[PDB]
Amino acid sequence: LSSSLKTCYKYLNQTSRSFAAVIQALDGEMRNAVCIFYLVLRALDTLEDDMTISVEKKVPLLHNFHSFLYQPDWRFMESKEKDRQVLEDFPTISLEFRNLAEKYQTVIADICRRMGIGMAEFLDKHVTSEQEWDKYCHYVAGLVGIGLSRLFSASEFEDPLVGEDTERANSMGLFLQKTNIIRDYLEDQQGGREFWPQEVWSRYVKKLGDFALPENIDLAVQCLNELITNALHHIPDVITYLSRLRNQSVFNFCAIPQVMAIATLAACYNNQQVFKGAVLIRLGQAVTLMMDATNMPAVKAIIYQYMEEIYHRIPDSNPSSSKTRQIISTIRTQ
């Protein structure tokens, strides 16, 4: 019941409007491990996002972030971002980090190290090919899924096979990040950041920003549907990853965010609203409301319902119509 740990859960709730609850619901040692992992990841992400920090100053910070975890007094006072508090009071967070069992520390520091290098690499450039999209998503989210999987296994609450399957753990992260990148197009435009793959949107317009102009709305939706179709390809891996889980607290923690991401894609599919503001992630059909997302068979059913939601709205004229039906067919059939 330390004051520093108290402060960490206070920061967790300040920064994680929607993950805090499921994290705090994790069994035993996973609870603190994941909470701290989230805080350090949040601090690292804040550094990356801060555009008042020059690239030459930022690179060292991203590269060396993992080592600060072991520097009791290290902190950063120049952030202007909204979640700067975890940076300004990082010693409180790093202290609890050093309080975690060594097995968790090793995993957390390793992920931070690798993520730092990955974030620095993409600072100067924009994502070009879809292969580079996967790479960038791997760095900022896939590594998180891998790190979490190792924490689950290290804790013994999940089978060691969970932490060992880096491929599907990576896909878990890729699906959430691609979804968020899809949904946040407009929010990111006004932020001066570009995440949509250039080799994909350049086939529709000259400037990614063009998707924001009312006269390019049809071309925007086509590209939107193409990127969503791309993201849906990770669902098989997601289902496979979730099917392996055996601990209920872990299952809830992993399954819920994925289903919310799926609901989000279904809501954004062929939706002009994506380019005019926030998308109305609305209700589902009477089968989704007779079963929640806390057991695998139910999670599958919920996922399939969302898939038919997209399937039924696929325009024949859409350049990606066949591939969209294809991946959904694959998900349905398995």
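A residue's number is simply how far along the shown sequence it sits, counting from 1.
Compared with other entries of the same protein, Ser54 falls outside the group left without coordinates by a third of them; all model it where both flanks are modelled. Compared with the other entries of this protein, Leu283 is frequently left unbuilt, missing from a third or more of those that build its neighbours.
For the segment pair 280-288 and 27-35, the entry gives 280-288 the higher mean B-factor, averaged over Cα atoms.
Between the stretches 294-302 and 44-52, it is 44-52 that shows the larger average CA temperature factor. Within the group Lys207, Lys178, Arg150, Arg168, the record's highest C-alpha temperature factor is found at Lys207. Taking the deposited Cα B-factors for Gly191, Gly173, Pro257, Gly118, the highest one is held by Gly191. Annotation for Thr15: CA B-factor lies in the highest third of the chain's modelled residues. In the PDB entry, a CA B factor belonging to the middle third of its chain's modelled residues is recorded for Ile310. For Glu78, the recorded CA temperature factor ranks within the highest third of the chain's modelled residues. Looking at the C-alpha B-factors along this chain, the one for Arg84 belongs to the highest third.
Per the deposited record, the Cα B-factor of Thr324 falls in the lowest third when ranked against the other modelled residues of its chain.
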